[PDB]
Each structure stands twice: as structure tokens, then as C-alpha cells.
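For reference, the structure is listed below as C-alpha cells.
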Amino acid sequence: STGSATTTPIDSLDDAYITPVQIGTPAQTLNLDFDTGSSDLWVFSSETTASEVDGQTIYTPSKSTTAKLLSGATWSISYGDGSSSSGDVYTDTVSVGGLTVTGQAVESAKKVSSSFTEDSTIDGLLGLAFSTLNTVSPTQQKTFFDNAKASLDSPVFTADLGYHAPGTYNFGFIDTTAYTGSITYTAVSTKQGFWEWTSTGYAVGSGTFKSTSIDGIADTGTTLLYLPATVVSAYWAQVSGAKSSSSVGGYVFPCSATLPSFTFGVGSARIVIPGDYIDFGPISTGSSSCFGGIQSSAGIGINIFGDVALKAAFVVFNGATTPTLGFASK
Ligand SMILES: Cc1[nH]ncc1CNc1ccn(C)n1
């Protein structure tokens, strides 16, 4: 089997991407944030505290003939941005882009943090990191990909995120029309439950490539590119008037600037992030200070190849017995 779904930026800054997902019988279609940095499929639901729902589409398990309470199971998750959600668990039929999993754990939110309530565009998350990070207790649950894997034509999914445009998540096949040149594969560590890999270095603009190992995660559910402070300082030093602002919470730059590109290494290959991808616009409406899309990871404890980096590539998440990542230009 295969599946293919379009993913759409939630706003003009590509802050995140939503992908329609069919849950239950008859289908209830919710727009989920596909997150390769987490391993829970959770949704706004009929159980979510009413004051914490503001425009999201909810899953109502009582209206699904295939929903079953997973008796005793709870979940609770805290994300790197300080957001959180928790609740109970159903199993149900879940389809993505024509690919169907029966018995998928659908984590029904009883509580969500303010950032989730405030984002009317995201009805929940679909985790695509390794199932070892799933938070369901006392019986840990599998991701949608892990449940689908054995049925897929090839045990892979691909992320093809757009810059200010829709893109695609494919399951079970590699669309050889969706990228240019060849796919370069690189090793993955699953020891922290992430798609963790080592970039071979970077360049700023037309500058020379610096060969240096940068361990980080491929994370579709993180907007920005978080890299070591040395690398980030080297990037923003090429932008007149850029500075790190403790009050704003990262590097800002004059909105009048033209940003340089940023290149990262994948083995001997190179992915180029155009400068425009690094512009996250005014820090507040009407400001001439713009927020940078490359930020320090120093306060995180891990480097994160988030959407800013991933949207510059066609990315293969290879879930074979020994997982690997693939990157191609596009
Ligand atoms: C959607 C999400 N993934 N991880 C945490 C969150 C909630 N907070 C944010 C911060 C920017 N946005 C769009 N949503």
C-alpha cells in the first residue's frame, strides 16, 4: 500500500503545516501537524475542556462506529516550545492520503496548553518519530507509520514541504519526479527516539564550506533551524544590523536586509536554504525588526533541522530495520 497527502502552511510565514487525516467511521477529517520530532497522534476532541477549544475541528469518538476506548490508557506530553496536552485514548481507523491503519491509538485531549487553543488551524499532531517516545501509559502505543510499515510497498515516508506553498507527505514510496539529482542517505541514531543524524558542515552565502560534524534531528514539527551558537553567529555576522535580542528571544535583523543563503552538508552533498526562507517577518505587526529563521540551539540541548531546513529538500525517512535519512535538492 501507499498514501499521499498534501500538506499546507497554516499562515504566510510557514509557521507549521497541516495535513488532512480521516479518523473514524464515518470519517471525521481533522487537520493535523505531522511531527517527526514526536510520537503521539493526539486530537482536539469532544472531551477537550470547552474553554480550551477556539475554532479547532474536534474528533467525537461517540460518533465513530469503529472507536473503542483503550481502557485505562492516559497520555501527557510536553514539547520543546513549552506547550503541552494530555488526555485518554481510543483506538480507531485512521487514513492519510488513501493509506488506512485500523486500531490506531488516537489520543483524545482533555487538556491543551494556551498555544494550542490559540491556534485554530491545528486540530492535533501526528507523531512520526520512533514509537519509543510515545507517551501512552501504561501500554505504550505505536505511531501511524509504525502501524502502517508492514503494509507499505517500501518502509518509508517522505516530507516535501513547500516554501509559502503546499507540499506533500508520501507513505510507502519515493516519488522520483519530486526532486532533482540524487538522494544522499545518511546514518540515523534512534537512541533518543528521534530521526537523529550528523550534518557534515555548513556554508554562509557564497562563503567557503566549513567541514564540521553537527548532530541534530530532522523535525517537521519545529518551524526554525536551531544550530550551535558558533554557526548561528557566523551566519548573522553576514547581515548588517543583525543582533541577538534577549527581549525578543533570538536573532533579529533589519527588515530592509537581503539575507544570505545557508548551506548544510549531507555526506558529500549540499542542501542550500535560500535567504528568503530565513525571513520570519516583523517581530510585531508594523515593526522594522524581523525575526530570524536560524537561531541558537544553546538553550535546547539538541540541534534541530526544522522546517526552515527541511523545506529546502526532499527528505526520505527510511524506516527499514536500520533506519536512515535521505536528502535531495528539489
Ligand atoms: C504546533 C506545536 N508543535 N509544538 C508545539 C506547538 C504549539 N506552539 C506553537 C508555536 C508556533 N506554533 C504554530 N505553535
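Residues are numbered in mature numbering (1 follows the signal peptide of the UniProt record, and there is no 0) as their position in the sequence shown, beginning at 1, plus a constant of 69.
Using N, Cα and C, we set each Cβ at its ideal position, and we do this for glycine too.
* To do: Give the secondary structure of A256 by DSSP, where H, G and I count as helix, E and B as strand, and everything else as coil.
  => strand
* Asked: Does the Cβ of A381 have 16 or more other Cβ atoms within 10 Å, making it buried, or fewer, making it exposed?
  -> buried
* To do: Quick one: measure Cβ to Cβ for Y271 and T327, integer angstroms, because I've assumed they're closer than 8 Å.
  => That pair is no contact at about 19 Å.
* **Touch test, the segment 283–290 against the segment 369–389, Cβ-Cβ under 8 Å, three pairs minimum** => yes
* **Identified DSSP bridge partners for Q364** => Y295
* To do: Determine the DSSP secondary structure at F386, reduced to helix, strand or coil.
  => strand
* Are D229 and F383 closer than 7 Å when you measure CB to CB? -> yes
* Asked: Going straight from the alpha carbon of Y346 to that of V301, what length do you get?
  -> 15 Å
* To do: Could you work out which residue in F322, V90, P343 and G318 is closest to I369 when comparing CA atoms only?
  => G318
* **Coil, strand or helix - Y320 by DSSP** => strand
* ligand 1 heavy atoms versus the CB of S152: any closer than 6 Å? -> yes
* Asked: If you measure from the CB of residue 400, is any heavy atom of ligand 1 nearer than 6 Å?
  -> Absent from the structure is residue 400, since the part of the chain shown begins at 70 and ends at 399.
* Taking the alpha carbon of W144 as the point to measure from, which residue in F214, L202, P351 and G241 has its own alpha carbon closest? -> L202
* To do: Output yes or no for whether 7 Å exceeds the beta carbon distance between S155 and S147.
  => no
* To do: Quick one: measure Cβ to Cβ for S114 and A178, integer angstroms, because I've assumed they're closer than 8 Å.
  => 6 Å
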